[PDB]
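Contents: one structure, followed by commentary.
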Amino acid sequence: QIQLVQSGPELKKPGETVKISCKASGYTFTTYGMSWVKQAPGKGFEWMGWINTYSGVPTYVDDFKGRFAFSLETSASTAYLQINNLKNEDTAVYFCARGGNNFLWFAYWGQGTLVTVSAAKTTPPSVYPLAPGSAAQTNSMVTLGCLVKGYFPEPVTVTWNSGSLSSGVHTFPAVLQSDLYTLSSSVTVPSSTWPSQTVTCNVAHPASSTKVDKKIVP
Amino acid sequence: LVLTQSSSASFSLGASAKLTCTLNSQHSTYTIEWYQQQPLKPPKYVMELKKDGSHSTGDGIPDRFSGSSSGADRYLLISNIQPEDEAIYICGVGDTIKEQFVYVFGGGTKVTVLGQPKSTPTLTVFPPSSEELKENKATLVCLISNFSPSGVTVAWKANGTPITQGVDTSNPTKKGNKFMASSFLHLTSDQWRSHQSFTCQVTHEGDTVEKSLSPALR
């Protein structure tokens with residue numbers, strides 16, 4: 001029942017600011033301090049310091065003096081981390097974590113928030129239907145797909161018939177090549193069910209697009 | 001380093017696993033903590049482990065996890081290690097350096113569990129869509145599903161001989177039981193049309209499976 005839920009991924013240019021949130025539930029927020037831990041790609045965990053959730057007083061490790069601010073909204077049981085004048089080397093997953101518990105300092109962790117510091121632009125996906133050429137042979141299974149091509153940054157989400165089609169479905173991990181992501185989802189359905197009945201992939205890229213594509217015979 | 005961990009370790013499924021975190025002389029009798037890190041999850045507190053080998057385990061840690069010590073060495077033991085125990089294991093240690101708290105995490109040990117029973121991959125391939133060809137582009141889709149353990153290598157062939165321009169994923173869904181991966185070969189529409197065939201070839205724990213796409217087909 002102790003849960004720490006962090007806000008979603010951020011993509012930011014050098015020089016900019018970012019503020020991420022960590023919402024705590026399942027205990028008395030003001031009873032335990034909140035730590036922050038950085039994990040940069042290809043490095044191990046680095047503790048950043050912590051904030052005393054009663055007194056409001058933060059303590060920063062020397063590496064994180066100057067442009068990092070821990071703050072609280074204690075009424076919403078939420079800790080915040082703001083990083084200012086973002087640097088390439090700030091690219092990392094940031095975790096919040098709270099203590100225990102017999103001088104335990106990292107008993108419970110958030111899931112982490114990726115902050116990418118980059119000049120790469122946000123790029124919405126091109127979505128294509130992956131469909132066999134006509135209705136298939138009698139008494140077969142048909143595999144349909146959507147190709148979600150060339151987007152940045154992650155993630156996209158995919159559903160089929162608005163979530164109502166789930167039995168067919170496999171949504172594969174994104175692949176990065178050049179500066180962009182590609183992903184595919186597939187759904188396998190009985191030859192008697194499609195194309196007589198409509199099947200549509202629904203693709204969202206939370207920067208800020210939603211693409212629906214009805215799969216029809218090519 | 002204050003904490004030394006080898007970056008990787010492997011163990012036979014169902015055998016005993018033993019991980020070493022070595023403290024430097026100045027911290028040779030310190031208690032350490034063990035954490036488990038898996039993708040898409042909060043990092044997990046695993047145990048506190050004393051110089052004498054006494055330890056307490058965290059919430060939701062199965063009884064197969066144990067700890068012991070010898071001099072500056074701290075060991076995490078996993079009896080009958082299971083596929084779900086694949087993870088990065090990280091040791092940590094706190095201290096006071098002038099009235100100021102310091103905390104130091106090891107670089108982590110990535111643990112793989114070998115000798116698991118194998119399920120061979122299922123492949124699904126899609127040719128370029130009509131829509132994408134009209135844009136003069138052709139992305140060949142290879143979706144790889146229902147396999148265990150983790151980890152496949154994939155190669156594309158053009159006319160039964162190999163090629164490079166098409167990368168893919170890391171190979172996971174550590175939930176369910178099986179894993180998924182995919183690969184995309186990014187071609188022009190002229191390159192698509194001007195070969196007899198293309199082939200997605202997947203190797204999994206030394207067995208390979210393959211499926212082809214033919215431009216003549218559509």
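One line per chain: the protein sequences are B and A, in this order. Each residue of the first sequence is one higher than the one before, starting from 1 at the first, in PDB author numbering. Each residue of the second sequence is one higher than the one before, starting from 1 at the first, in PDB author numbering. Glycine included, C-beta positions come from ideal geometry on N, C-alpha and C.
(message) Alpha carbons only, please: which of B:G15, B:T59, B:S21 and B:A97 is nearest the one belonging to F45 of chain B?
(response) B:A97
(request) Taking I90 of chain A as the query, report the chain B residues whose CB atoms sit under 9 Å from its CB, ordered along the chain. (result) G44 and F45
(message) 8 Å is my cut-off, CB to CB: does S212 of chain A come that close to chain B?
(response) no
(message) For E132 of chain A, report the span of its alpha helix (DSSP H) as first-last.
(response) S130 to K134
(request) Select from the segment 21-50 of chain A all residues with a C-beta closer than 9 Å to any C-beta belonging to chain B, and list them in chain order. (result) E33, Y35, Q37, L40, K41, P42, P43, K44, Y45 and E48
(request) Can you tell me which of B:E89, B:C146, B:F103 and B:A92 puts its alpha carbon nearest to the alpha carbon of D95 of chain A? (result) Checked all of B:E89, B:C146, B:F103 and B:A92; the closest Cα to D95 of chain A is B:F103.
(message) I'd like to know if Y27 of chain B contacts chain A, where contact means its C-beta is closer than 8 Å to some C-beta of that chain.
(response) no
(request) For chain A, find out if any of its Cβ atoms is closer than 8 Å to the Cβ of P155 of chain B; answer yes or no. (result) no
(request) Answer yes or no: do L130 of chain B and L114 of chain B have a C-beta to C-beta separation smaller than 8 Å? (result) Between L130 of chain B and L114 of chain B, the C-beta spacing is not below 8 Å.
(message) Any beta carbon of chain B sitting closer than 8 Å to that of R218 of chain A?
(response) yes
(request) Could you check what DSSP says for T173 of chain A in three-state terms: helix, strand or coil? (result) coil
(request) Enumerate in chain order the residues of its own chain whose CB-to-CB distance from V102 of chain A is below 8 Å, with the five nearest sequence positions on each side excluded. (result) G94, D95 and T96
(request) Give the residues of chain B in contact with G106 of chain A, contact being defined as C-beta atoms less than 9 Å apart. (result) Identification of chain B residues near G106 of chain A by a Cβ-Cβ cut-off of 9 Å yields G44 and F45, ordered along the chain.
(message) To be precise: take each residue of the segment 58-69 of chain A, compare its Cβ to all Cβ atoms of chain D, and keep it if any distance is under 9 Å. Which residues remain?
(response) Judged by its chain identifiers, the structure shown contains no chain D, and its protein chains are B and A.
(message) Just checking: is the beta-carbon of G206 of chain A within a distance shorter than 8 Å of some beta-carbon in chain B?
(response) no
(request) Count the other CB atoms, across all protein chains shown, that sit within 10 Å of the CB of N177 of chain A; report buried if there are 16 or more and exposed otherwise. (result) exposed
(request) Assuming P173 of chain B contacts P172 of chain A (C-beta within less than 8 Å), just tell me the rounded distance between them. (result) 7 Å
(request) Compute the beta-carbon to beta-carbon distance between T188 of chain B and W160 of chain B, rounded to the nearest angstrom, for a pair I have assumed lies under 8 Å. (result) Not quite, the Cβ-Cβ distance comes to about 11 Å (not below 8 Å), so this is no contact.
(message) Using C-beta distances below 8 Å, list every residue in its chain close to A15 of chain A, excluding the 5 sequence neighbours before and after it, in chain order.
(response) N80 and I81
(request) Output the distance between the C-alpha atoms of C22 of chain B and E10 of chain B, rounded to the nearest integer angstrom. (result) 14 Å
(request) Determine the extent of the alpha helix (DSSP H) in which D190 of chain A is found, giving its start and end residues. (result) Residues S189 to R193.
(request) Can you check DSSP and say which residues form a bridge with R218 of chain A? (result) Paired residue(s): none; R218 of chain A is not in a bridge.
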